[PDB]
Each structure stands twice: as structure tokens, then as C-alpha cells.
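Scroll down for the structure; my scribbles are underneath it.
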Amino acid sequence: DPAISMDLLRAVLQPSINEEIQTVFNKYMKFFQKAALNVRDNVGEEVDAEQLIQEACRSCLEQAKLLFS
Amino acid sequence: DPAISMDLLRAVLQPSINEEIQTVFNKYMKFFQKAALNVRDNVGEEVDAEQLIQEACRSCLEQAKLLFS
Amino acid sequence: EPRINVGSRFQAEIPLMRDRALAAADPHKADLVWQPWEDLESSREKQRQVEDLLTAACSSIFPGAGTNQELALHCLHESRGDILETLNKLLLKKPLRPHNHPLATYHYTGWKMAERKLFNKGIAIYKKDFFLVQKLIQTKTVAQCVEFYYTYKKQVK
Amino acid sequence: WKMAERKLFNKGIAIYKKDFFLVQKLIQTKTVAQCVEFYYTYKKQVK
Amino acid sequence: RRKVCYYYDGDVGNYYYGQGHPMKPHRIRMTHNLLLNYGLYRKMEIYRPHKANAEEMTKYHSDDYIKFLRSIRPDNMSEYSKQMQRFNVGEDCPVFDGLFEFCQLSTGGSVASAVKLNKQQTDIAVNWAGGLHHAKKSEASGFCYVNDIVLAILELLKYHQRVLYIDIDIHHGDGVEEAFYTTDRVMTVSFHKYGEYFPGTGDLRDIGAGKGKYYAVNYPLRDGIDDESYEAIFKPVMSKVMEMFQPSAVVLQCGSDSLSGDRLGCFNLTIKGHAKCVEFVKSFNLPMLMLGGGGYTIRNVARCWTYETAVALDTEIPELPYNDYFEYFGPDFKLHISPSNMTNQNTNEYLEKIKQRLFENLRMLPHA
Ligand SMILES: O=P(O)(O)O[C@H]1[C@H](OP(=O)(O)O)[C@@H](OP(=O)(O)O)[C@H](OP(=O)(O)O)[C@@H](OP(=O)(O)O)[C@H]1OP(=O)(O)O
Ligand SMILES: [K+]
Ligand SMILES: [K+]
Ligand SMILES: [Zn+2]
């Protein structure tokens, strides 16, 4: 398929874009971090605070797709 | 539920974040726009250039989730 | 068994045996058209990016002659190490304008259905003229005429 | 149709170009029908 | 590791000798495309060569030979027929459009490389367009019209007291040999088939003359030499040559027609054995210039000159990657070839005889 051009331009730009996105979330990580810790403080040890942070920031990127829907 | 508290915070912050992401992609929209038109220029009328641009920018967000794996 | 005629022997290499860095040219004899670059391009972070850059091109990106990889090969060279300066002068106004001083570019890069039909018959009559078929199509040259003959010969299989 | 006969066919047709009796003798195994059939299928693969 | 400078112009692959002619310059373009898709082009100093003018072509050839070449065309072909016989242009050295421009490129690529090594701004230089070794001072021969190899060598002598020339090509390098036959400064070694074969030259007794006597080694051969045989006779010799001649710069002609399955050649070598030579010379660490030359099963010429480039770069390469001419390369699409069931008529006695004769010749030189 010729439209694969889009997929591969994408792979070219993904490293650069990922750098800028990481810069964005770095501003907001402190909110996620304590929120996860507050959970692991009010629930027991079986809470993985790091997993909660990662899941939340993935969910953020999912919801951002509405910018391009 | 833990994930509910987090997604609940996620909803609060989604408008502010969606603004900043839109700002980011505005820098990159031209590259998508040229490429999508170029596909239509070569393939023909049945290509939806706008649909290609949207699909690509959604895909960038899917791949950004690897920042938070 | 041949003879060694003194007149047709050779022309006296005429050395100094040192001539050490004697202001020679060959910036004239040859023109530089690539430098090794692994500092920021292949530092085990970006060496795979160009691999993706190039397979990227042989797809629905703009044509110049029509093999869309070669244009991207050409253009990373064109940029000396850069990404956006590549991507811009790649896509920006035309690929011919930013680089004209080498002229290898136009050499390397260098057909309608109408001429195609006449070519097929023009070759199915002579089959080895390449001078009258050149007069059949004064617009095109023997090079392109010969080039299309190969591309067809490959499309046979 | 084998690649061997295919090569000889291509040359056998690139010499006569309209015999269909000597090329038949070139390949006694095959008939003018199949020989003519392959000539069309190639003529279509040109485009 | 060694620095490599590569030279190439794209019109070279488009010049055409004529119908049925075994020389096809398009092979060099294929190589250029494979070096690329291998990812090697990336690694070395690439250059276009500018056109070499009659100014510097005449530094070896006759002023009117070059004037004839500059003037001749197929248009004035019947007008010039008197001179054409004088200059060997004919049956196997045809006239074709763009002939002179083809020469300017093949020569310009070599002479540019000659200066780059003289300038001491590279360690290796390559020009696969070059390596045409049958051309004479005042006439064409064996598909060669201008002997760039000489013209290259003539530059290096300015800088280099002793230049070594070597020839793998299955055809004997009589042109370069003749063009340095009576100079001690240039040693011409040549391994080649002999007996009922072009140029009929380079027998055991072709030794040299005058000052150049004992500076024109030769090594005739019969059909079907193996890589193992060739290696067992190449390395010992060249070791002694380096031991005796002691050059300060090498010129290797990488004749590919000595490979197995060549159209015109009738040797039984592989890419590996042909390249193992190029490794061995590279091991000696001199300023280097690898050229091409003969080779007529172009699918293997591509495989050959490509791989040999990697050896100058001492990198590994697998599986032929995709390229424009990927479909040329058989059903296998592999780099390496295997030798044939062809018979090796080079008996150990015949090889050991000539070996010892040469050792005697090489012992005649000064040493301590
Ligand atoms: O039909 P193919 O298997 O592809 O081989 C042909 C064929 O060579 P053989 O006759 O040795 O098979 C042509 O020879 P003729 O048909 O002209 O007698 C030859 O043309 P030249 O002999 O004039 O070179 C041509 O080579 P090219 O494609 O360079 O014109 C070459 O095709 P391949 O080069 O693809 O093998
Ligand atoms: K030789
Ligand atoms: K000599
Ligand atoms: Zn040869």
C-alpha cells in the first residue's frame, strides 16, 4: 500500500515527539506521584504506586486522541 | 476503586493538557498536511486527506504511551 | 610475443621521489559528496532512525523521477547531518533548486504511452538500430530509450 | 509451459514474429493453440 | 581502521558499447546501488570525479591519439576510417556515442584518487570505473582506450619512490607492463591465463628490459584455478615482492573476469578467494588504490566489487538486501559464488616449477 508513507514518516518523528511529550508530563508528574502515594497510604502495600502513575499517563495520551478525532 | 480516583483526577486535568498537546501538534500539522495531500495528489480523489491527517496524529498519541509503559 | 617499440614505450614518469604535499588540486578532479557521520547520527540512538527515514520514502511521498527512496537518500546527503533542514529542503520548493553545484544530482536522476507504443513497434522492426529510433523520438535520447528497454526487459520475468 | 521453452519461444518469436509453423516445429511437444495462447497472455502482461 | 575514498559518476552506467559487446559499463552502477543498500556508502568518503581533459590524458598518450579520440564520432565514422585502422578502433573496440566522455570519467576517477593518496588525505581509494589495462600509448586495445592506470601511476611517482602495480585480471596487464617496461621504479606483477588467449602476453620469460629488467614479473596459468591454489601461490609471492621491491604505494587492479562462471574468463575463483587477495594486500598497510577492470558476468562483478569494498572498510555484510537491480541476482540473491566442477589443469609440479624460477629472479635484487 502506498499509504504506508504515513506510518514511516511517523516512526521518523516519534523520537523527537516523544522528547517533547516527556517534557510536558514532567511538569505534571508531581501531581500523579503524590496521588499514587496517597492511594498506597490509604490502601495497603499491595498498591503499586509506580504502576498507577504509568497507567494514568497512558490514559492521558488516549484521551488526547480526541484532539485528532 | 484506585483507578477511579486517578481517572477522576485525569478528567480534571484533561482540558489543560489537551490545550498543550494541541499547541504541540500545531507545530507538526503542516508535515502531515503536505504528506496527506501528496497521497491524494498521486492516488486520486478517493483519498480523504483530512482523514489521513487525523489517523496519523491519533497514532502518534498511541505510540506516546510507551513513555508510560 | 609482442614487440616493445622505443617510440611507443611510455612517457617517462618524471618524478621527484618526494613532491611532498606539492599544492596539488583534486578539489578540482573530484567533489566531496559524503562524510562519515556517526557522532549524533549513529550513537546507538539514531543509527536506526535513518533506517526508518529511508524505508519511509519509498511510498506516497513526492516523486522526482519515480523511485521515492532515492530522493530521500539524496537529501540526507544534501543536509550534511541534519533532520529538519533535510525534511524542509526535501519538501521545500523543489529538489533541484537547493543543490545545483554538484550536477551529479541531475546526472543520477537522469515516457508517455504514445511514445511507448511507437517505441515497442520501433524496436519490433529494427530491434538493434538505436539511431533511427532516436530519430523516431527526437525529444528523447538514446540513454532514456535504452533505459526503458532494460526496465521492460526486467518486467518480462 | 517451462522456462526453458519460454526462452526459446521468446527468441523463436523474436526471429520470425509471424511463422506459427516453424515455431511449432521448434516445440513439437506443444501446439499452435497453447503457443498462441501464451502469446496473448504475454501481450496482456505488457501493460 | 583505514579511511576510504570512493569515486563515482552516474553517466558511466549509461554509456553503451554496442550490440552483443561483453563490456557493459552498467555493472558499475549496480555496484554503486549495492554499496548503498548494504549501508556502506554511508561509511566512506564519496566523490564525483570531474572530467579529465586532453591536457592530462596526453601526459602519457600521443597528442594526436587523444586528438583523434576527441574528434571521432559515429557521425564521422566513415570519414576517419583511415585513422581507425591505425588506432585499433573496430571489431572488439567499437565506436559508440559518448565514448570520449566515458574515458574522461574513468580517467578522472583514477587521477583524482591518485592525488588524494599523494595528498596523504586518505589510506585507500577506489574507482571501479577505472582499471582498464590493455590500452597503449598510441592505440586502443582489449576494450581499453585510455590507460588511466598509467596516468594514475605517473602522478604517484611524483611522491613515491617505488610504486607497486598488481593485476588479478585473467587477462595479462600488458598495457601497464609495456608502459613501465624499462623502469625499476614501477614493478608490474601479473597473474593470468596463458596459451590461446588474449593478449598472448606475460609468459614466464617476460621479465623486463634495461633498467626495468627484473621489475616485470609474470605468472602464466591454465584453466580452472581454485581459490586454494591461487591463495597458495599469491601470498608467498607478494610477501617476497614486498620483501624485495619495498614499494611505498600500491595499485591493485581487481580484475573480476578471473571469477568462476565468467562469460569470457575461464578461471574457477569465488568472491572469497578473489577478495582474500585484497585482504592480504590491505594487511601490508600502504597507500592504496583499488581499481576494477574486466568482468563480464555482471551479476557477479556487482557481487565482487561490492564485497571487496567492504574489505577495504573491514566491515561485515551478510543475504543481498533490496535494491534497484535486486532482480538481476538469479533465484538465489546471494553474494557468494561457489566454484564449478571445471577441472584445474594447474598441476602442483607446474606451479612449483615456475615458483622456484621466480624466487631465483627475486633473489637477484638488493637486500641484507
Ligand atoms: O535473456 P537473459 O537470460 O536475460 O540474457 C540476456 C541475453 O544474454 P544471453 O543471450 O547470454 O542469455 C542477451 O543476449 P542477446 O539476447 O542480445 O544475444 C544480453 O544482451 P547482450 O548479449 O547484447 O549483452 C542481455 O544483456 P543486457 O540485459 O545487458 O542487454 C541478457 O540480459 P541480462 O543482462 O539480464 O542477463
Ligand atoms: K593479470
Ligand atoms: K618494470
Ligand atoms: Zn580482463
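Convention: chains lettered A, B, ... in C-alpha cells order; per-chain residue numbering from 1; ligands numbered from 1 as shown.
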Moved coordinates, chain A onto chain B, all Cα atoms, as a PDB file with N, CA and C atoms, in the first residue's frame:
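See part-v9.pdb below for the written result:
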```pdb
ATOM      1  N   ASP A   1     -14.411   0.956  43.705  1.00  0.00           N
ATOM      2  CA  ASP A   1     -12.966   0.858  43.846  1.00  0.00           C
ATOM      3  C   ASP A   1     -12.401   2.231  44.218  1.00  0.00           C
ATOM      4  N   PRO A   2     -11.562   2.321  45.253  1.00  0.00           N
ATOM      5  CA  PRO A   2     -10.962   3.626  45.552  1.00  0.00           C
ATOM      6  C   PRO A   2     -10.004   4.138  44.481  1.00  0.00           C
ATOM      7  N   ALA A   3      -9.402   3.264  43.666  1.00  0.00           N
ATOM      8  CA  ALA A   3      -8.429   3.714  42.669  1.00  0.00           C
ATOM      9  C   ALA A   3      -9.053   4.520  41.535  1.00  0.00           C
ATOM     10  N   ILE A   4     -10.378   4.670  41.513  1.00  0.00           N
ATOM     11  CA  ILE A   4     -11.046   5.538  40.551  1.00  0.00           C
ATOM     12  C   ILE A   4     -10.597   6.991  40.667  1.00  0.00           C
ATOM     13  N   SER A   5     -10.008   7.381  41.810  1.00  0.00           N
ATOM     14  CA  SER A   5      -9.416   8.711  41.971  1.00  0.00           C
ATOM     15  C   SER A   5      -8.538   9.092  40.796  1.00  0.00           C
ATOM     16  N   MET A   6      -7.746   8.144  40.308  1.00  0.00           N
ATOM     17  CA  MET A   6      -6.860   8.421  39.190  1.00  0.00           C
ATOM     18  C   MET A   6      -7.659   8.783  37.950  1.00  0.00           C
ATOM     19  N   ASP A   7      -8.719   8.023  37.664  1.00  0.00           N
ATOM     20  CA  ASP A   7      -9.529   8.266  36.473  1.00  0.00           C
ATOM     21  C   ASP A   7     -10.157   9.650  36.489  1.00  0.00           C
ATOM     22  N   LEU A   8     -10.391  10.202  37.680  1.00  0.00           N
ATOM     23  CA  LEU A   8     -11.206  11.403  37.791  1.00  0.00           C
ATOM     24  C   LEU A   8     -10.337  12.644  37.935  1.00  0.00           C
ATOM     25  N   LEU A   9      -9.208  12.529  38.635  1.00  0.00           N
ATOM     26  CA  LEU A   9      -8.151  13.523  38.491  1.00  0.00           C
ATOM     27  C   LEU A   9      -7.794  13.698  37.025  1.00  0.00           C
ATOM     28  N   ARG A  10      -7.742  12.585  36.304  1.00  0.00           N
ATOM     29  CA  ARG A  10      -7.436  12.616  34.881  1.00  0.00           C
ATOM     30  C   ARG A  10      -8.417  13.492  34.120  1.00  0.00           C
ATOM     31  N   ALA A  11      -9.712  13.266  34.338  1.00  0.00           N
ATOM     32  CA  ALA A  11     -10.737  14.043  33.655  1.00  0.00           C
ATOM     33  C   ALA A  11     -10.619  15.523  33.988  1.00  0.00           C
ATOM     34  N   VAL A  12     -10.128  15.837  35.186  1.00  0.00           N
ATOM     35  CA  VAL A  12      -9.945  17.226  35.588  1.00  0.00           C
ATOM     36  C   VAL A  12      -8.867  17.883  34.751  1.00  0.00           C
ATOM     37  N   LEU A  13      -7.801  17.149  34.482  1.00  0.00           N
ATOM     38  CA  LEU A  13      -6.609  17.688  33.861  1.00  0.00           C
ATOM     39  C   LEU A  13      -6.610  17.527  32.350  1.00  0.00           C
ATOM     40  N   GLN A  14      -7.438  16.624  31.831  1.00  0.00           N
ATOM     41  CA  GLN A  14      -7.547  16.415  30.390  1.00  0.00           C
ATOM     42  C   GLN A  14      -7.787  17.688  29.586  1.00  0.00           C
ATOM     43  N   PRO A  15      -8.663  18.618  29.990  1.00  0.00           N
ATOM     44  CA  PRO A  15      -8.822  19.843  29.191  1.00  0.00           C
ATOM     45  C   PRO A  15      -7.548  20.650  29.099  1.00  0.00           C
ATOM     46  N   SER A  16      -6.843  20.789  30.217  1.00  0.00           N
ATOM     47  CA  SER A  16      -5.609  21.560  30.221  1.00  0.00           C
ATOM     48  C   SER A  16      -4.532  20.868  29.399  1.00  0.00           C
ATOM     49  N   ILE A  17      -4.397  19.557  29.567  1.00  0.00           N
ATOM     50  CA  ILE A  17      -3.395  18.797  28.837  1.00  0.00           C
ATOM     51  C   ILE A  17      -3.685  18.838  27.345  1.00  0.00           C
ATOM     52  N   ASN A  18      -4.958  18.695  26.978  1.00  0.00           N
ATOM     53  CA  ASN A  18      -5.337  18.703  25.571  1.00  0.00           C
ATOM     54  C   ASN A  18      -4.986  20.030  24.913  1.00  0.00           C
ATOM     55  N   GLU A  19      -5.042  21.123  25.675  1.00  0.00           N
ATOM     56  CA  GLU A  19      -4.657  22.421  25.132  1.00  0.00           C
ATOM     57  C   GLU A  19      -3.182  22.438  24.769  1.00  0.00           C
ATOM     58  N   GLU A  20      -2.346  21.858  25.628  1.00  0.00           N
ATOM     59  CA  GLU A  20      -0.909  21.865  25.400  1.00  0.00           C
ATOM     60  C   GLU A  20      -0.514  20.913  24.282  1.00  0.00           C
ATOM     61  N   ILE A  21      -1.217  19.791  24.156  1.00  0.00           N
ATOM     62  CA  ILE A  21      -0.910  18.840  23.095  1.00  0.00           C
ATOM     63  C   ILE A  21      -1.271  19.434  21.746  1.00  0.00           C
ATOM     64  N   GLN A  22      -2.431  20.084  21.669  1.00  0.00           N
ATOM     65  CA  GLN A  22      -2.822  20.759  20.442  1.00  0.00           C
ATOM     66  C   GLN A  22      -1.776  21.785  20.039  1.00  0.00           C
ATOM     67  N   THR A  23      -1.195  22.473  21.021  1.00  0.00           N
ATOM     68  CA  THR A  23      -0.125  23.421  20.739  1.00  0.00           C
ATOM     69  C   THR A  23       1.073  22.718  20.120  1.00  0.00           C
ATOM     70  N   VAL A  24       1.366  21.506  20.586  1.00  0.00           N
ATOM     71  CA  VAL A  24       2.519  20.764  20.090  1.00  0.00           C
ATOM     72  C   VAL A  24       2.317  20.388  18.627  1.00  0.00           C
ATOM     73  N   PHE A  25       1.224  19.684  18.338  1.00  0.00           N
ATOM     74  CA  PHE A  25       0.983  19.181  16.991  1.00  0.00           C
ATOM     75  C   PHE A  25       0.829  20.302  15.976  1.00  0.00           C
ATOM     76  N   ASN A  26       0.386  21.485  16.418  1.00  0.00           N
ATOM     77  CA  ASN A  26       0.256  22.626  15.516  1.00  0.00           C
ATOM     78  C   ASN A  26       1.578  22.936  14.834  1.00  0.00           C
ATOM     79  N   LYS A  27       2.681  22.698  15.536  1.00  0.00           N
ATOM     80  CA  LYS A  27       4.003  22.866  14.959  1.00  0.00           C
ATOM     81  C   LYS A  27       4.264  21.872  13.838  1.00  0.00           C
ATOM     82  N   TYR A  28       3.650  20.691  13.904  1.00  0.00           N
ATOM     83  CA  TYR A  28       3.931  19.594  12.993  1.00  0.00           C
ATOM     84  C   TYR A  28       2.826  19.336  11.985  1.00  0.00           C
ATOM     85  N   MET A  29       1.743  20.109  12.019  1.00  0.00           N
ATOM     86  CA  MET A  29       0.601  19.813  11.165  1.00  0.00           C
ATOM     87  C   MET A  29       0.934  20.032   9.697  1.00  0.00           C
ATOM     88  N   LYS A  30       1.811  20.997   9.407  1.00  0.00           N
ATOM     89  CA  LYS A  30       2.161  21.295   8.024  1.00  0.00           C
ATOM     90  C   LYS A  30       2.798  20.096   7.338  1.00  0.00           C
ATOM     91  N   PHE A  31       3.613  19.334   8.066  1.00  0.00           N
ATOM     92  CA  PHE A  31       4.202  18.126   7.504  1.00  0.00           C
ATOM     93  C   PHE A  31       3.121  17.112   7.167  1.00  0.00           C
ATOM     94  N   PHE A  32       2.212  16.873   8.113  1.00  0.00           N
ATOM     95  CA  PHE A  32       1.111  15.948   7.885  1.00  0.00           C
ATOM     96  C   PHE A  32       0.249  16.401   6.721  1.00  0.00           C
ATOM     97  N   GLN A  33      -0.015  17.704   6.643  1.00  0.00           N
ATOM     98  CA  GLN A  33      -1.004  18.214   5.704  1.00  0.00           C
ATOM     99  C   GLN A  33      -0.557  18.005   4.267  1.00  0.00           C
ATOM    100  N   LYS A  34       0.668  18.415   3.943  1.00  0.00           N
ATOM    101  CA  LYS A  34       1.141  18.255   2.576  1.00  0.00           C
ATOM    102  C   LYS A  34       1.356  16.789   2.243  1.00  0.00           C
ATOM    103  N   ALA A  35       1.800  16.004   3.225  1.00  0.00           N
ATOM    104  CA  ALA A  35       1.987  14.576   3.006  1.00  0.00           C
ATOM    105  C   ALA A  35       0.684  13.918   2.585  1.00  0.00           C
ATOM    106  N   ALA A  36      -0.414  14.277   3.247  1.00  0.00           N
ATOM    107  CA  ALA A  36      -1.719  13.771   2.846  1.00  0.00           C
ATOM    108  C   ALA A  36      -2.098  14.278   1.461  1.00  0.00           C
ATOM    109  N   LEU A  37      -1.798  15.546   1.173  1.00  0.00           N
ATOM    110  CA  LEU A  37      -2.123  16.099  -0.137  1.00  0.00           C
ATOM    111  C   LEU A  37      -1.303  15.432  -1.226  1.00  0.00           C
ATOM    112  N   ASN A  38      -0.026  15.172  -0.948  1.00  0.00           N
ATOM    113  CA  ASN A  38       0.816  14.474  -1.909  1.00  0.00           C
ATOM    114  C   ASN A  38       0.260  13.092  -2.210  1.00  0.00           C
ATOM    115  N   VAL A  39      -0.365  12.462  -1.215  1.00  0.00           N
ATOM    116  CA  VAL A  39      -1.001  11.168  -1.438  1.00  0.00           C
ATOM    117  C   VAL A  39      -2.210  11.335  -2.344  1.00  0.00           C
ATOM    118  N   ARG A  40      -3.065  12.308  -2.023  1.00  0.00           N
ATOM    119  CA  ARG A  40      -4.278  12.525  -2.803  1.00  0.00           C
ATOM    120  C   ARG A  40      -3.953  13.064  -4.193  1.00  0.00           C
ATOM    121  N   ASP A  41      -2.733  13.568  -4.391  1.00  0.00           N
ATOM    122  CA  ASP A  41      -2.307  13.955  -5.731  1.00  0.00           C
ATOM    123  C   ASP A  41      -1.842  12.748  -6.532  1.00  0.00           C
ATOM    124  N   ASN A  42      -1.157  11.807  -5.883  1.00  0.00           N
ATOM    125  CA  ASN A  42      -0.620  10.630  -6.551  1.00  0.00           C
ATOM    126  C   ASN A  42      -1.589   9.456  -6.560  1.00  0.00           C
ATOM    127  N   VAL A  43      -2.570   9.455  -5.662  1.00  0.00           N
ATOM    128  CA  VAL A  43      -3.723   8.563  -5.723  1.00  0.00           C
ATOM    129  C   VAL A  43      -4.874   9.496  -6.082  1.00  0.00           C
ATOM    130  N   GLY A  44      -6.066   8.965  -6.361  1.00  0.00           N
ATOM    131  CA  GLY A  44      -7.145   9.745  -6.906  1.00  0.00           C
ATOM    132  C   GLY A  44      -7.968  10.467  -5.857  1.00  0.00           C
ATOM    133  N   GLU A  45      -9.184  10.846  -6.259  1.00  0.00           N
ATOM    134  CA  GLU A  45     -10.048  11.676  -5.424  1.00  0.00           C
ATOM    135  C   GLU A  45     -10.534  10.933  -4.188  1.00  0.00           C
ATOM    136  N   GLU A  46     -10.610   9.603  -4.254  1.00  0.00           N
ATOM    137  CA  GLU A  46     -11.153   8.793  -3.166  1.00  0.00           C
ATOM    138  C   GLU A  46     -10.309   8.831  -1.892  1.00  0.00           C
ATOM    139  N   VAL A  47      -9.160   9.499  -1.895  1.00  0.00           N
ATOM    140  CA  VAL A  47      -8.352   9.681  -0.697  1.00  0.00           C
ATOM    141  C   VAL A  47      -8.914  10.855   0.094  1.00  0.00           C
ATOM    142  N   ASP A  48      -9.213  10.618   1.370  1.00  0.00           N
ATOM    143  CA  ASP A  48      -9.618  11.677   2.292  1.00  0.00           C
ATOM    144  C   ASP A  48      -8.359  12.178   2.986  1.00  0.00           C
ATOM    145  N   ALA A  49      -7.856  13.330   2.537  1.00  0.00           N
ATOM    146  CA  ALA A  49      -6.622  13.870   3.098  1.00  0.00           C
ATOM    147  C   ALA A  49      -6.786  14.204   4.573  1.00  0.00           C
ATOM    148  N   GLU A  50      -7.947  14.743   4.948  1.00  0.00           N
ATOM    149  CA  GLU A  50      -8.176  15.100   6.343  1.00  0.00           C
ATOM    150  C   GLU A  50      -8.188  13.860   7.226  1.00  0.00           C
ATOM    151  N   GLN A  51      -8.786  12.771   6.740  1.00  0.00           N
ATOM    152  CA  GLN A  51      -8.799  11.532   7.509  1.00  0.00           C
ATOM    153  C   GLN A  51      -7.387  11.002   7.706  1.00  0.00           C
ATOM    154  N   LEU A  52      -6.543  11.120   6.680  1.00  0.00           N
ATOM    155  CA  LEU A  52      -5.166  10.659   6.803  1.00  0.00           C
ATOM    156  C   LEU A  52      -4.424  11.440   7.876  1.00  0.00           C
ATOM    157  N   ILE A  53      -4.633  12.755   7.924  1.00  0.00           N
ATOM    158  CA  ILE A  53      -3.957  13.583   8.917  1.00  0.00           C
ATOM    159  C   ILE A  53      -4.398  13.177  10.315  1.00  0.00           C
ATOM    160  N   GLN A  54      -5.706  13.008  10.499  1.00  0.00           N
ATOM    161  CA  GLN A  54      -6.235  12.668  11.813  1.00  0.00           C
ATOM    162  C   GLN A  54      -5.733  11.306  12.264  1.00  0.00           C
ATOM    163  N   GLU A  55      -5.777  10.322  11.366  1.00  0.00           N
ATOM    164  CA  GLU A  55      -5.303   8.984  11.696  1.00  0.00           C
ATOM    165  C   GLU A  55      -3.834   9.003  12.088  1.00  0.00           C
ATOM    166  N   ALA A  56      -3.034   9.812  11.394  1.00  0.00           N
ATOM    167  CA  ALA A  56      -1.608   9.871  11.684  1.00  0.00           C
ATOM    168  C   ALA A  56      -1.350  10.460  13.062  1.00  0.00           C
ATOM    169  N   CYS A  57      -2.086  11.510  13.424  1.00  0.00           N
ATOM    170  CA  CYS A  57      -1.847  12.179  14.695  1.00  0.00           C
ATOM    171  C   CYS A  57      -2.391  11.354  15.854  1.00  0.00           C
ATOM    172  N   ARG A  58      -3.417  10.542  15.592  1.00  0.00           N
ATOM    173  CA  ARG A  58      -3.860   9.574  16.588  1.00  0.00           C
ATOM    174  C   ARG A  58      -2.807   8.499  16.801  1.00  0.00           C
ATOM    175  N   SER A  59      -2.252   7.973  15.707  1.00  0.00           N
ATOM    176  CA  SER A  59      -1.192   6.976  15.799  1.00  0.00           C
ATOM    177  C   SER A  59       0.002   7.514  16.568  1.00  0.00           C
ATOM    178  N   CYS A  60       0.301   8.802  16.398  1.00  0.00           N
ATOM    179  CA  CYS A  60       1.386   9.422  17.153  1.00  0.00           C
ATOM    180  C   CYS A  60       1.136   9.321  18.649  1.00  0.00           C
ATOM    181  N   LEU A  61      -0.096   9.588  19.075  1.00  0.00           N
ATOM    182  CA  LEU A  61      -0.405   9.570  20.495  1.00  0.00           C
ATOM    183  C   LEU A  61      -0.364   8.152  21.037  1.00  0.00           C
ATOM    184  N   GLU A  62      -0.707   7.178  20.201  1.00  0.00           N
ATOM    185  CA  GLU A  62      -0.566   5.782  20.589  1.00  0.00           C
ATOM    186  C   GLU A  62       0.891   5.446  20.872  1.00  0.00           C
ATOM    187  N   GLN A  63       1.780   5.794  19.944  1.00  0.00           N
ATOM    188  CA  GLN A  63       3.189   5.451  20.092  1.00  0.00           C
ATOM    189  C   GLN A  63       3.832   6.187  21.254  1.00  0.00           C
ATOM    190  N   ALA A  64       3.326   7.371  21.594  1.00  0.00           N
ATOM    191  CA  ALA A  64       3.872   8.111  22.721  1.00  0.00           C
ATOM    192  C   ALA A  64       3.667   7.382  24.040  1.00  0.00           C
ATOM    193  N   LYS A  65       2.709   6.448  24.099  1.00  0.00           N
ATOM    194  CA  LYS A  65       2.415   5.720  25.329  1.00  0.00           C
ATOM    195  C   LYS A  65       3.616   4.940  25.837  1.00  0.00           C
ATOM    196  N   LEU A  66       4.576   4.665  24.962  1.00  0.00           N
ATOM    197  CA  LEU A  66       5.812   4.007  25.348  1.00  0.00           C
ATOM    198  C   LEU A  66       6.639   4.861  26.296  1.00  0.00           C
ATOM    199  N   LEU A  67       6.389   6.171  26.339  1.00  0.00           N
ATOM    200  CA  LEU A  67       6.978   7.011  27.369  1.00  0.00           C
ATOM    201  C   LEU A  67       6.582   6.561  28.764  1.00  0.00           C
ATOM    202  N   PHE A  68       5.426   5.917  28.899  1.00  0.00           N
ATOM    203  CA  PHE A  68       4.850   5.538  30.179  1.00  0.00           C
ATOM    204  C   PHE A  68       4.503   4.066  30.180  1.00  0.00           C
ATOM    205  N   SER A  69       5.363   3.280  29.545  1.00  0.00           N
ATOM    206  CA  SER A  69       5.319   1.834  29.591  1.00  0.00           C
ATOM    207  C   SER A  69       6.573   1.364  30.315  1.00  0.00           C
TER     208      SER A  69
END
```
* To do: Can you tell me which residues come within 10 Å of ligand 1 when counting only C-alpha atoms and all ligand atoms, ideally as a VMD selection string?
  => (chain C and resid 127 to 128 146 149 to 151 153 to 154 156 to 157) or (chain D and resid 7 to 8 10 to 11 14) or (chain E and resid 16 to 27 263 296 to 299 325 327 to 330)
* To do: Check the smallest atom-to-atom distance from each of C:120, C:88, C:42, C:11 to chain B using only C-alpha atoms, then report the winner.
  =>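 Of all the options, C:88 lies closest to chain B.
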Identify, on the basis of only C-alpha atoms, every residue whose closest approach to residue 57 in chain C does not exceed 8 Å; exclude the query and any residue fewer than 2 positions from it along the same chain; express the result as a PDB file with C-alpha atoms, in the first residue's frame.
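Once everything was written out, this is part.pdb:
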```
ATOM      1  CA  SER A   5       4.392   6.567   3.920  1.00  0.00           C
ATOM      2  CA  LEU A   8       7.069   5.569   8.365  1.00  0.00           C
ATOM      3  CA  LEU A   9       7.278   9.345   8.483  1.00  0.00           C
TER       4      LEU A   9
ATOM      5  CA  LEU C  53      13.850   7.592   7.410  1.00  0.00           C
ATOM      6  CA  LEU C  54      14.686   5.839   4.189  1.00  0.00           C
ATOM      7  CA  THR C  55      12.246   2.960   4.031  1.00  0.00           C
ATOM      8  CA  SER C  59       5.944   5.289  -0.503  1.00  0.00           C
ATOM      9  CA  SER C  60       3.395   8.094  -1.010  1.00  0.00           C
ATOM     10  CA  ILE C  61       5.881  10.961  -0.818  1.00  0.00           C
ATOM     11  CA  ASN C  68      10.778   7.564  -3.844  1.00  0.00           C
ATOM     12  CA  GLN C  69      13.610   6.075  -1.776  1.00  0.00           C
ATOM     13  CA  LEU C  71      15.130  11.102  -3.366  1.00  0.00           C
ATOM     14  CA  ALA C  72      15.475  10.626   0.401  1.00  0.00           C
TER      15      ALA C  72
END
```
To check your reading of the model: which residues sit at most 8 Å from ligand 2 when counting only C-alpha atoms and all ligand atoms? Write the answer as a PDB file with C-alpha atoms, in the first residue's frame.
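And here is the file that came out, selection-v5.pdb:
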```pdb
ATOM      1  CA  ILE E 166      49.447  -5.765  -9.260  1.00  0.00           C
ATOM      2  CA  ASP E 167      46.965  -7.439 -11.596  1.00  0.00           C
ATOM      3  CA  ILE E 168      44.494 -10.156 -10.678  1.00  0.00           C
ATOM      4  CA  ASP E 169      42.736  -9.909 -14.060  1.00  0.00           C
ATOM      5  CA  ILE E 170      42.566 -13.105 -16.062  1.00  0.00           C
ATOM      6  CA  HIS E 171      43.885 -11.028 -18.972  1.00  0.00           C
ATOM      7  CA  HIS E 172      47.544 -10.045 -18.765  1.00  0.00           C
ATOM      8  CA  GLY E 173      48.285  -6.419 -17.935  1.00  0.00           C
ATOM      9  CA  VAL E 189      53.216  -8.319 -11.474  1.00  0.00           C
ATOM     10  CA  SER E 190      50.551 -10.182 -13.418  1.00  0.00           C
ATOM     11  CA  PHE E 191      48.783 -13.484 -12.788  1.00  0.00           C
ATOM     12  CA  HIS E 192      46.813 -14.641 -15.785  1.00  0.00           C
ATOM     13  CA  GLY E 255      40.014  -7.872 -12.386  1.00  0.00           C
TER      14      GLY E 255
END
```
* Which one is closest to chain C: D:46, D:35, D:4, D:22? Count only C-alpha atoms. ->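 Checking each of D:46, D:35, D:4, D:22 against chain C, counting only C-alpha atoms, the winner is D:46.
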* Asked: Taking only C-alpha atoms into account, what are the residues of chain C at most 9 Å from chain E, put as a count of residues only?
  -> 47
* Neighbours of residue 278 in chain E within 10 Å (only C-alpha atoms; same-chain residues fewer than 5 positions away dropped), as a PyMOL selection string? -> chain E and resi 168+252-254+272-273+283+290+308-309+311-312
* When DSSP works through the backbone of this structure, what residues of range 82-155 of chain C end up as helix (DSSP H, G or I), shown as a PyMOL selection string? -> chain C and resi 84-91+104-109+113-125+132-136+142-155
